Amino acid sequence: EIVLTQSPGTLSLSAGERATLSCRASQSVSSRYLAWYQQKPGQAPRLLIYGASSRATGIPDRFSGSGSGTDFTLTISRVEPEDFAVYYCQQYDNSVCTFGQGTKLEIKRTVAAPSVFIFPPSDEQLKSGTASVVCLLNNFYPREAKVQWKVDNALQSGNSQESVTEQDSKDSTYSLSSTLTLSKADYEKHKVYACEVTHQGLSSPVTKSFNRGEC
Amino acid sequence: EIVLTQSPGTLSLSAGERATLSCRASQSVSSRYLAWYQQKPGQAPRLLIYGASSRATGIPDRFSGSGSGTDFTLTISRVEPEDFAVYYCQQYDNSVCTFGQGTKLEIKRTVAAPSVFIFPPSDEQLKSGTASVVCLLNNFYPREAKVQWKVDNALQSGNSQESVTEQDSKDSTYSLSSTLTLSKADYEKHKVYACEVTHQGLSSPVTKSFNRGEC
Amino acid sequence: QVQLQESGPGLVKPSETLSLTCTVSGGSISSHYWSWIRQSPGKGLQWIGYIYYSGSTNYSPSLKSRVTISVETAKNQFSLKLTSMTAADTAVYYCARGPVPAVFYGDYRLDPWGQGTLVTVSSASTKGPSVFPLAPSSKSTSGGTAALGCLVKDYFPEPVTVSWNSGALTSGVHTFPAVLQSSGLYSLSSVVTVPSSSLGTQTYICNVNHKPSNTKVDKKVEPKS
Amino acid sequence: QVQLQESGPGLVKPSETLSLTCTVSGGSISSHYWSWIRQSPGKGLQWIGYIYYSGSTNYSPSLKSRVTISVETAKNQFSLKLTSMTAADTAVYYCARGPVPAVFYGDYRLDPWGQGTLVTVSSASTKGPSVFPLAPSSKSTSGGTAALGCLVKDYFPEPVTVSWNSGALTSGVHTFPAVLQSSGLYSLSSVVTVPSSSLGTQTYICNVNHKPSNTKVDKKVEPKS
Amino acid sequence: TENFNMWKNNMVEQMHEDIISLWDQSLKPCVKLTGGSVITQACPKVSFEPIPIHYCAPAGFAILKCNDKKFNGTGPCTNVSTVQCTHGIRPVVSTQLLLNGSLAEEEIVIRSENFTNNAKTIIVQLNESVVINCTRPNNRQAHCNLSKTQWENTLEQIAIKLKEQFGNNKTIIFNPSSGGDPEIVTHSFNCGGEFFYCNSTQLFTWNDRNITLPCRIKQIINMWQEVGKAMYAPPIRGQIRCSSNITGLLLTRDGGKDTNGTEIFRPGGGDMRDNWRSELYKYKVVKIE
Amino acid sequence: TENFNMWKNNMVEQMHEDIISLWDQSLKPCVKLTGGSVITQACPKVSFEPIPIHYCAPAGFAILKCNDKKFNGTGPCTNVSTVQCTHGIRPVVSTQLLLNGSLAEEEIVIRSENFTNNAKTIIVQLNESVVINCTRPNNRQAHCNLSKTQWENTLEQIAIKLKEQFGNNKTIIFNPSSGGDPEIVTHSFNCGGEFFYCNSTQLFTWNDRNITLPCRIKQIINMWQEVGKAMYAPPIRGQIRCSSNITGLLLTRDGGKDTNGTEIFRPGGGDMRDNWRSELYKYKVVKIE
Ligand SMILES: *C1O[C@H](CO)[C@@H](O)[C@H](O)[C@H]1NC(C)=O
Ligand SMILES: *[C@@H]1O[C@H](CO)[C@@H](O)[C@H](O)[C@H]1NC(C)=O
Ligand SMILES: *[C@@H]1O[C@H](CO)[C@@H](O)[C@H](O)[C@H]1NC(C)=O
Ligand SMILES: *[C@@H]1O[C@H](CO)[C@@H](O)[C@H](O)[C@H]1NC(C)=O
Ligand SMILES: *[C@@H]1O[C@H](CO)[C@@H](O)[C@H](O)[C@H]1NC(C)=O
Ligand SMILES: *[C@@H]1O[C@H](CO)[C@@H](O)[C@H](O)[C@H]1NC(C)=O
Ligand SMILES: *[C@@H]1O[C@H](CO)[C@@H](O)[C@H](O)[C@H]1NC(C)=O
Ligand SMILES: *[C@@H]1O[C@H](CO)[C@@H](O)[C@H](O)[C@H]1NC(C)=O
Ligand SMILES: *[C@@H]1O[C@H](CO)[C@@H](O)[C@H](O)[C@H]1NC(C)=O
Ligand SMILES: *[C@@H]1O[C@H](CO)[C@@H](O)[C@H](O)[C@H]1NC(C)=O
Ligand SMILES: *[C@@H]1O[C@H](CO)[C@@H](O)[C@H](O)[C@H]1NC(C)=O
Ligand SMILES: *[C@@H]1O[C@H](CO)[C@@H](O)[C@H](O)[C@H]1NC(C)=O
Ligand SMILES: *[C@@H]1O[C@H](CO)[C@@H](O)[C@H](O)[C@H]1NC(C)=O
Ligand SMILES: *[C@@H]1O[C@H](CO)[C@@H](O)[C@H](O)[C@H]1NC(C)=O
Ligand SMILES: *[C@@H]1O[C@H](CO)[C@@H](O)[C@H](O)[C@H]1NC(C)=O
Ligand SMILES: *[C@@H]1O[C@H](CO)[C@@H](O)[C@H](O)[C@H]1NC(C)=O
Ligand SMILES: *[C@@H]1O[C@H](CO)[C@@H](O)[C@H](O)[C@H]1NC(C)=O
Ligand SMILES: *[C@@H]1O[C@H](CO)[C@@H](O)[C@H](O)[C@H]1NC(C)=O
Ligand SMILES: *[C@@H]1O[C@H](CO)[C@@H](O)[C@H](O)[C@H]1NC(C)=O
Ligand SMILES: *[C@@H]1O[C@H](CO)[C@@H](O)[C@H](O)[C@H]1NC(C)=O
Ligand SMILES: *[C@@H]1O[C@H](CO)[C@@H](O)[C@H](O)[C@H]1NC(C)=O
Ligand SMILES: *[C@@H]1O[C@H](CO)[C@@H](O)[C@H](O)[C@H]1NC(C)=O
Ligand SMILES: *[C@@H]1O[C@H](CO)[C@@H](O)[C@H](O)[C@H]1NC(C)=O
Ligand SMILES: *[C@@H]1O[C@H](CO)[C@@H](O)[C@H](O)[C@H]1NC(C)=O
Ligand SMILES: *[C@@H]1O[C@H](CO)[C@@H](O)[C@H](O)[C@H]1NC(C)=O
Ligand SMILES: *[C@@H]1O[C@H](CO)[C@@H](O)[C@H](O)[C@H]1NC(C)=O
Ligand SMILES: *[C@@H]1O[C@H](CO)[C@@H](O)[C@H](O)[C@H]1NC(C)=O
């Protein structure tokens with residue numbers, strides 16, 4: 001049974017550039033049976049090209065397919081911000097339908113500094129005996145950033161988790177959130193809750209914060 | 001390769017009777033390829049039936065063909081005096097055309113006595129130093145007859161040959177000729193040259209003869 | 001147009017079996033081929049097998065022993081059955097039409113797809129989320145635009161889905177990947193940014209859905225003062 | 001109608017080769033198949049082979065090694081070639097059309113035939129016949145019909161062919177099979193019967209042909225008195 | 001006491017197989033030959049067109065032909081002749097509309113493996129053929145013409161046969177086919193290895209003087225060709241004679257909660273096996289002993 | 001500088017082979033199958049009728065198509081396109097008259113491997129087709145009709161092309177075919193495995209509109225098999241009609257000592273390879289390297 005190996009594991013360029021993703025079969029394959037699919041984050045795959053070079057309906061013509069035999073190529077002439085997706089070539093042969101492992105397409109853009117916000121735990125939640133403080137880093141690039149929680153100037157560790165979005169479809173940026181988690185008890189024995197963010201787009205580390213009881 | 005075996009080696013009946021000749025193949029054979037032929041004495045064979053049962057053009061309809069697979073039959077409804085012939089079935093298969101050994105058809109008729117004639121050697125021939133005396137037995141039946149040469153009442157032996165015709169086409173009879181051959185010398189030292197014929201159609205042996213020098 | 005819609009248990013206990021159903025609308029199962037495909041988190045796509053509307057099936061070899069794909073054309077849907085579920089079977093499952101064309105001279109491809117269902121193999125129980133507001137700061141950037149959101153906490157299994165003002169408000173919204181708390185429960189937050197001026201007049205409700213627990217929650221988020 | 005006509009040496013020496021030619025008239029060799037067939041004295045028929053007008057041939061297996069069949073459509077004839085003639089090859093040779101039909105849906109059969117030629121394998125020389133009259137008896141049956149004939153003596157090889165008054169007189173005629181004289185030469189007689197009354201007015205000539213020796217003889221037969 | 005089931009008849013499956021083969025056969029190129037004895041390297045390729053074909057039983061087997069007037073297609077049959085082969089069929093590849101087929105002996109006849117089961121396709125067999133002309137763009141946009149009042153007439157005749165079948169107190173409506181593969185949605189069909197696709201919206205919007213259908217032409221387009229383009233263009237494809245006789249339809253019925261006395265029908269039902277099925281319905285293969 | 005010889009073209013031999021096969025194929029019965037996995041025992045038999053067929057070269061080979069106006073058929077050719085396949089040919093089995101063939105591009109064209117050699121056949125290719133309708137008795141019966149003044153017209157047109165070829169100071173006469181096989185003597189031809197034989201005496205007796213020919217029908221004397229009454233007799237094949245287009249003739253010329261400025265022609269020329277030859281004349285297969 002056939003094995004599809006895709007072109008570069010990861011491929012990263014700026015908008016406007018040309019993208020070339022290849023797909024190579026362990027054996028020879030008829031073009032009628034080769035297809036490409038585009039999977040944006042959080043969604044099901046979408047048929048992009050069928051029969052090697054036939055454009056699926058509704059698909060923007062800046063996509064084209066090519067090749068035959070063993071080597072096949074998906075080509076995007078002018079990359080867009082929302083062409084950010086994983087791309088799979090697929091084939092059906094011998095009663096079996098296989099995929100390549102996909103090519104992650106990442107978008108390059110200008111450096112962008114995050115907008116930082118901090119959130120105190122709600123009264124609703126404090127009632128529960130646990131407190132969650134949240135730090136939001138909004139629309140920034142590139143991905144590498146660093147949050148630091150300080151409670152009364154004491155640096156925190158191993159008591160917060162964080163999560164990052166996938167690159168944005170429109171602007172190709174990231175957003176990140178961190179959650180400091182304390183028990184009502186601990187939360188109520190400290191006043192200054194502060195969040196410090198270091199990022200390449202910031203000439204100087206930014207700190208947002210608040211006081212418990214006060215605003 | 002196929003082997004054709006014909007029906008009765010010899011088959012003999014009277015006029016008006018029905019004749020059945022079979023042909024049996026060593027293997028199975030398609031009817032398209034089986035044919036029958038009639039060979040009268042002294043002549044080339046004539047196509048009688050082709051495709052097992054198809055009558056050749058010009059052939060009297062008292063002939064018919066039949067059978068298939070391995071066994072085939074030529075049938076003559078009302079035998080005629082001149083239906084006297086040898087009959088061959090033939091087939092063509094595997095790029096090779098074979099015949100059966102044939103079936104001799106003989107005609108039965110009423111007994112007929114020969115008309116006997118005797119011939120002296122010509123003067124023309126006597127000039128040559130040899131003498132031939134000839135006895136003719138004309139239109140007789142059946143075949144078994146016996147000639148006897150007597151020279152001055154002396155019975156001859158081993159100095160005469162004879163020849164017989166095939167059954168006649170019209171009347172189904174035989175004619176026979178015997179030739180006594182002497183050297184001019186011997187011929188001229190005897191007077192009575194006599195020919196004696198015994199045949200079933202003669203209540204009494206008949207003798208024709210002549211005298212040398214005389215008539 | 002033709003639309004597919006999977007449906008079935010978000011959660012499945014180890015060793016037990018999985019049942020799913022795709023439902024077609026806009027078209028008809030008749031005449032067509034129908035596939036199930038699954039994808040593990042972060043992993044790639046794996047074709048499971050298909051069924052012809054006729055009823056004849058064809059499974060992926062590496063799964064053959066455990067798979068059953070049925071069809072019920074009368075009700076216009078087809079189904080999956082997966083035996084002996086284990087953690088390795090935790091994935092998003094998609095239904096899709098194809099890959100074989102209806103007629104021999106048609107085209108070979110998987111189209112319209114479903115949305116996919118996330119199936120989780122676990123003995124743990126389902127647990128509904130608790131939703132808390134991320135009240136907007138009168139400080140943060142009250143000259144321009146400010147940020148607020150919902151904290152969806154302590155639920156299992158995945159996923160949940162947030163929207164704002166019933167999906168009227170869509171742009172400027174970010175919903176974060178869930179994180180697994182050492183408690184074995186998930187937690188995520190969804191946020192949106194809005195011009196500060198609007199804070200006083202416009203009202204904000206996030207709409208949280210957790211199908212696995214039959215929970216739908218609408219929390220009003222507003223400034224604490 | 002279509003008529004075939006063989007022709008060639010009556011005599012062939014041992015070990016030497018045989019050549020024959022069939023000539024077609026009334027039809028055309030074009031489009032058709034053409035066979036040679038032989039028959040030994042008293043024996044049965046043996047197919048030798050055929051040739052398509054195209055030139056492709058097909059020989060009988062038991063003869064293949066020694067046979068050549070050529071065609072000359074330009075002159076409308078085909079030919080035989082037989083290698084290493086031996087006594088066993090002495091036979092009447094016939095040409096015939098077929099057995100394969102011109103077209104695939106035609107009929108399979110050997111039609112028209114030739115007359116056949118008698119070929120004799122022998123080192124002996126050709127020798128012309130001597131003809132003698134069999135003078136009719138004024139005795140035999142001078143009340144009714146009488147008999148007379150020709151004695152064809154001492155010729156080789158076979159055959160000869162007699163006719164009477166150039167074949168005007170045909171009925172009542174008997175020509176006997178030849179006999180081999182210990183001299184190694186053949187001899188036969190041909191006779192006919194005729195009403196005695198006619199003896200005086202009607203004149204009788206037998207016409208003897210011996211092709212092998214290029215002999216044609218016409219002997220007048222009449223009463224010796 | 002003789003049974004026939006046109007809906008489970010391996011002859012259909014079998015025929016389909018053959019047609020498929022005929023198609024692949026028509027795509028593979030000639031394999032070069034070897035040996036000193038080869039006439040030419042030129043191998044014969046039979047173009048992909050309706051070929052006259054009988055189906056036949058081996059010795060020890062036989063084919064039963066049901067001859068009952070307006071035969072159900074399923075159940076017992078009374079006048080059943082037994083034969084060695086079927087009639088010659090020149091099968092046509094198409095969807096929605098059955099072409100060049102046999103005509104219903106007397107009046108319009110419809111058939112379904114079940115009628116209560118709306119899932120099962122309904123095969124219509126017309127007693128009166130409807131002509132339809134289509135042409136290759138002179139190479140003038142590919143299309144097909146049809147006698148309007150004649151077609152409308154037909155639909156009405158069909159509607160009647162359905163009212164009979166579903167209680168004639170009901171109203172019949174025809175809708176175009178809903179979502180599906182292109183070939184299934186359009187009326188598509190073969191024409192010498194080129195396939196027409198035709199918007200039949202105008203054919204299936206009926207209720208209470210000729211029609212023109214627009215069509216696209218998908219071509220062979222491979223396969224087995226890569227690194228082989230040294231010659232010229234196609235041979236006999238300037239204005240192809242595709243015109244034919246519409247002798248039947250494939251239909252399916254809708255089944256929603258809110259349909260009252262009212263029934264909707266549409267254009268394409270099942271797969272192509274159903275085409276063959278419409279010709280082979282009156283036959284069955286069976287063993288002797 | 002390109003050579004063509006329509007008279008030595010293995011493509012002809014090859015095609016003939018295939019046609020023969022198609023015929024045997026059509027006679028053999030189905031061989032019963034074995035194994036637990038057989039759909040039906042019913043095997044497909046393609047009836048013996050003109051099938052559309054292209055001839056095609058394998059990779060590393062190619063077919064040359066001569067395009068010279070009124071091409072000789074033998075000798076050099078100037079406008080020679082190179083192609084992968086021949087045009088589709090639906091070959092018809094016949095004698096004397098070429099049927100359903102290609103028409104001479106401009107005016108009547110005749111061809112022979114030698115015009116001085118009277119042995120060689122002459123192939124006539126008509127520029128204007130002549131229709132001929134043929135019918136069977138429902139079992140005047142079994143004949144063919146033809147436009148008289150149209151046919152006489154044709155013969156005259158041919159005579160002209162011969163005067164051109166043999167010096168137009170000569171008189172042309174047409175005689176019926178002389179002795180030979182039945183099929184050769186009559187104008188015979190296939191029609192679904194049944195063969196017509198037609199007395200064409202009226203077609204070939206010419207000097208200075210409706211003509212009816214008396215025909216007989218020969219049914220294939222099944223070469224294969226027998227004793228099959230467990231099945232009864234075969235009616236539904238197809239039924240067809242053989243009404244068709246005369247697009248050529250096969251002729252041969254007489255050569256006797258006493259023929260003066262006067263030339264006689266007759267209606268049967270060579271074998272059937274010559275039929276194929278009339279379609280394939282402008283093609284040749286040849287190797288690449
Ligand atoms: C040709 O035939 C015609 C009519 O059958 C006749 O009048 C004429 O004498 C013939 N010409 C010949 C052969 O001299
Ligand atoms: C069966 O044959 C009989 C005559 O033998 C006929 O009356 C009947 O209509 C035929 N078919 C049906 C419809 O039963
Ligand atoms: C018609 O179909 C019904 C059920 O669909 C069946 O019972 C009956 O036998 C059929 N009638 C005929 C003529 O075979
Ligand atoms: C064919 O059947 C239809 C509908 O049952 C009917 O109207 C028509 O008279 C029948 N005969 C014709 C005219 O083909
Ligand atoms: C026909 O279809 C109906 C509707 O589904 C079903 O209830 C009934 O059983 C079917 N008849 C059969 C299968 O005999
Ligand atoms: C084309 O279609 C027309 C319209 O029905 C029809 O009458 C005609 O027979 C068809 N064929 C030709 C050659 O135009
Ligand atoms: C052939 O040429 C025509 C122009 O008449 C054009 O439609 C197209 O290029 C070709 N045909 C199709 C529809 O493929
Ligand atoms: C209708 O069909 C005819 C031939 O059947 C075609 O020539 C014509 O273009 C079509 N309609 C129009 C536009 O006249
Ligand atoms: C073609 O199809 C589309 C949708 O199937 C339909 O909207 C359009 O009207 C059709 N064209 C015509 C005029 O038949
Ligand atoms: C007839 O069909 C047309 C389809 O466009 C529809 O608009 C109209 O309402 C229909 N009339 C009836 C009686 O349903
Ligand atoms: C239907 O029959 C006609 C006339 O025999 C033929 O020319 C046409 O190709 C057939 N239809 C199709 C679409 O094959
Ligand atoms: C259509 O079928 C009729 C019989 O109903 C037949 O006479 C004719 O050959 C066919 N005509 C066409 C357009 O192929
Ligand atoms: C269903 O019933 C409603 C009233 O309950 C009526 O309009 C009609 O008969 C049915 N639906 C339609 C709109 O055809
Ligand atoms: C119309 O008649 C049918 C047939 O008996 C019956 O079911 C009902 O009374 C009507 N249709 C519906 C279901 O409204
Ligand atoms: C005509 O035939 C002659 C002899 O075969 C040949 O040499 C010549 O080239 C031909 N003329 C053409 C090219 O038509
Ligand atoms: C060959 O083709 C040209 C067109 O390119 C044509 O004009 C010419 O007549 C042809 N040559 C000959 C000698 O036939
Ligand atoms: C065809 O050629 C012949 C003479 O060669 C002539 O009678 C006819 O008019 C020519 N043209 C046509 C109409 O095809
Ligand atoms: C052409 O035919 C004539 C007639 O025999 C001949 O003189 C010439 O040689 C032939 N050409 C050949 C055979 O090369
Ligand atoms: C066919 O043969 C049958 C004899 O069984 C006869 O009834 C019929 O008239 C024949 N057909 C004709 C008109 O030749
Ligand atoms: C002419 O041919 C037609 C069929 O093409 C036939 O009906 C007619 O009988 C023939 N001859 C006569 C007598 O007109
Ligand atoms: C039938 O043959 C006659 C000539 O005998 C011809 O006029 C007619 O066109 C042919 N076909 C038709 C259309 O009847
Ligand atoms: C006929 O051809 C001969 C050549 O044999 C010629 O002498 C004569 O001129 C021609 N007759 C004519 C032109 O009247
Ligand atoms: C029939 O053909 C023969 C010779 O084959 C011919 O003599 C006869 O005149 C022809 N009869 C008719 C009526 O054409
Ligand atoms: C006889 O011949 C014509 C062909 O011209 C044929 O169509 C029809 O059957 C008859 N017509 C006449 C002219 O009587
Ligand atoms: C010639 O072609 C026509 C139309 O396809 C067909 O009716 C006729 O039977 C063909 N000729 C023969 C006898 O094959
Ligand atoms: C005769 O040929 C012409 C074109 O070559 C074709 O249009 C016509 O249908 C043919 N006649 C038949 C049906 O045999
Ligand atoms: C007779 O024909 C010959 C042709 O072989 C010709 O040469 C001759 O001149 C003719 N006789 C006369 C003297 O006109």
# chains A, B, ... in the order shown; residues from 1 in each chain; ligands from 1
$ residues_near_ligand --ligand "ligand 26" --cutoff "7 Å" --atoms "only C-alpha atoms and all ligand atoms" --output "PyMOL selection string"
chain F and resi 100+129+131+243-245
$ write_last_selection --atoms "C-alpha atoms" --output "mmCIF file, in the first residue's frame"
data_model
loop_
_atom_site.group_PDB
_atom_site.id
_atom_site.type_symbol
_atom_site.label_atom_id
_atom_site.label_comp_id
_atom_site.auth_asym_id
_atom_site.auth_seq_id
_atom_site.Cartn_x
_atom_site.Cartn_y
_atom_site.Cartn_z
ATOM 1 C CA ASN F 100 -20.595 2.353 -45.319
ATOM 2 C CA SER F 129 -22.615 7.698 -51.721
ATOM 3 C CA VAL F 131 -28.130 4.333 -50.812
ATOM 4 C CA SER F 243 -30.203 -0.303 -45.511
ATOM 5 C CA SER F 244 -26.761 1.237 -46.094
ATOM 6 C CA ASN F 245 -24.314 3.360 -48.110
#
$ residues_near_ligand --ligand "ligand 1" --cutoff "8 Å" --atoms "only C-alpha atoms and all ligand atoms" --output "list in words"
residues 173, 205, 206, 207 and 208 of chain F
$ write_last_selection --atoms "N, CA and C atoms" --output "mmCIF file, in the first residue's frame"
data_model
loop_
_atom_site.group_PDB
_atom_site.id
_atom_site.type_symbol
_atom_site.label_atom_id
_atom_site.label_comp_id
_atom_site.auth_asym_id
_atom_site.auth_seq_id
_atom_site.Cartn_x
_atom_site.Cartn_y
_atom_site.Cartn_z
ATOM 1 N N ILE F 173 -17.148 -1.449 -70.841
ATOM 2 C CA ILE F 173 -18.315 -2.300 -70.647
ATOM 3 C C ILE F 173 -18.229 -3.030 -69.315
ATOM 4 N N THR F 205 -24.368 -4.691 -66.086
ATOM 5 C CA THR F 205 -24.624 -4.873 -67.504
ATOM 6 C C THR F 205 -24.875 -3.486 -68.090
ATOM 7 N N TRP F 206 -23.809 -2.837 -68.557
ATOM 8 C CA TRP F 206 -23.872 -1.413 -68.888
ATOM 9 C C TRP F 206 -23.493 -1.059 -70.331
ATOM 10 N N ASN F 207 -24.167 -0.041 -70.870
ATOM 11 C CA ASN F 207 -23.897 0.486 -72.210
ATOM 12 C C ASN F 207 -24.621 1.819 -72.387
ATOM 13 N N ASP F 208 -24.624 2.337 -73.613
ATOM 14 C CA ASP F 208 -25.293 3.605 -73.904
ATOM 15 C C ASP F 208 -26.575 3.579 -74.729
#
$ residues_around --residues "residue 30 of chain A" --least-positions-apart "2" --cutoff "8 Å" --atoms "only C-alpha atoms" --output "PyMOL selection string"
(chain A and resi 28+32-34+68-69) or (chain E and resi 223-224)
$ write_last_selection --atoms "N, CA and C atoms" --output "JSON list (two decimals), in the first residue's frame"
[["chain", "number", "residue", "atom", "x", "y", "z"],
["A", 28, "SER", "N", 4.20, 4.68, -8.07],
["A", 28, "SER", "CA", 3.63, 5.51, -9.12],
["A", 28, "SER", "C", 2.12, 5.56, -8.95],
["A", 32, "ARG", "N", -5.65, 11.03, -11.45],
["A", 32, "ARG", "CA", -7.08, 11.12, -11.16],
["A", 32, "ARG", "C", -7.33, 10.97, -9.67],
["A", 33, "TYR", "N", -6.40, 10.32, -8.98],
["A", 33, "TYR", "CA", -6.64, 9.89, -7.61],
["A", 33, "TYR", "C", -5.95, 10.73, -6.56],
["A", 34, "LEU", "N", -5.19, 11.74, -6.99],
["A", 34, "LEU", "CA", -4.50, 12.60, -6.05],
["A", 34, "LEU", "C", -5.29, 13.86, -5.76],
["A", 68, "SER", "N", 2.76, 14.40, -11.59],
["A", 68, "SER", "CA", 2.20, 13.09, -11.87],
["A", 68, "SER", "C", 3.22, 12.01, -11.57],
["A", 69, "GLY", "N", 2.81, 10.75, -11.69],
["A", 69, "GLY", "CA", 3.71, 9.64, -11.45],
["A", 69, "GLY", "C", 3.99, 9.44, -9.97],
["E", 223, "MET", "N", -6.23, 8.39, -18.62],
["E", 223, "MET", "CA", -4.84, 8.40, -18.17],
["E", 223, "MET", "C", -3.85, 7.63, -19.03],
["E", 224, "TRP", "N", -2.73, 7.25, -18.42],
["E", 224, "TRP", "CA", -1.64, 6.60, -19.15],
["E", 224, "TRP", "C", -1.23, 7.42, -20.37]]
$ calpha_fit_rmsd --fixed "chain E" --moving "chain F"
0.9 Å
$ residues_near_ligand --ligand "ligand 17" --cutoff "7 Å" --atoms "only C-alpha atoms and all ligand atoms" --output "NGL selection string"
:F and (106-108 or 127-128 or 157)
$ residues_near_ligand --ligand "ligand 23" --cutoff "9 Å" --atoms "only C-alpha atoms and all ligand atoms" --output "VMD selection string"
chain F and resid 176 to 179 182 185 to 186 198 to 202 212 to 214
$ write_last_selection --atoms "N, CA and C atoms" --output "compact mmCIF listing (two decimals), in the first residue's frame"
# COMPACT_ATOMS: atom_id res chain seq x y z
N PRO F 176 -21.36 -8.97 -65.54
CA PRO F 176 -21.47 -9.62 -64.25
C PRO F 176 -20.24 -10.49 -64.01
N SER F 177 -20.02 -10.89 -62.76
CA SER F 177 -18.89 -11.73 -62.43
C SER F 177 -19.07 -13.11 -63.06
N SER F 178 -17.97 -13.71 -63.52
CA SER F 178 -18.01 -15.06 -64.06
C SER F 178 -17.94 -16.10 -62.93
N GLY F 179 -17.58 -17.33 -63.28
CA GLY F 179 -17.56 -18.44 -62.31
C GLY F 179 -16.75 -18.17 -61.05
N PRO F 182 -20.01 -18.85 -54.45
CA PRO F 182 -21.30 -18.15 -54.48
C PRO F 182 -21.15 -16.72 -54.00
N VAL F 185 -19.48 -14.52 -56.60
CA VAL F 185 -20.31 -14.29 -57.77
C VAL F 185 -21.44 -13.32 -57.47
N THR F 186 -22.13 -13.53 -56.36
CA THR F 186 -23.18 -12.63 -55.95
C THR F 186 -22.54 -11.48 -55.20
N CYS F 198 -26.78 -11.64 -53.28
CA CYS F 198 -27.62 -10.87 -54.19
C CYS F 198 -27.20 -10.89 -55.65
N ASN F 199 -28.13 -11.33 -56.49
CA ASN F 199 -27.92 -11.38 -57.92
C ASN F 199 -27.72 -9.97 -58.45
N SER F 200 -26.48 -9.64 -58.76
CA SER F 200 -26.15 -8.29 -59.20
C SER F 200 -25.98 -8.21 -60.71
N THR F 201 -26.63 -9.13 -61.43
CA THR F 201 -26.59 -9.10 -62.89
C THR F 201 -27.04 -7.74 -63.40
N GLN F 202 -28.05 -7.18 -62.74
CA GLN F 202 -28.61 -5.90 -63.14
C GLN F 202 -27.69 -4.73 -62.81
N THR F 212 -34.46 -3.64 -58.30
CA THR F 212 -34.63 -4.62 -57.24
C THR F 212 -33.81 -5.89 -57.50
N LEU F 213 -32.98 -6.26 -56.52
CA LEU F 213 -32.14 -7.44 -56.64
C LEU F 213 -32.72 -8.61 -55.86
N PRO F 214 -32.75 -9.79 -56.48
CA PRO F 214 -33.20 -11.00 -55.79
C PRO F 214 -32.12 -11.52 -54.86
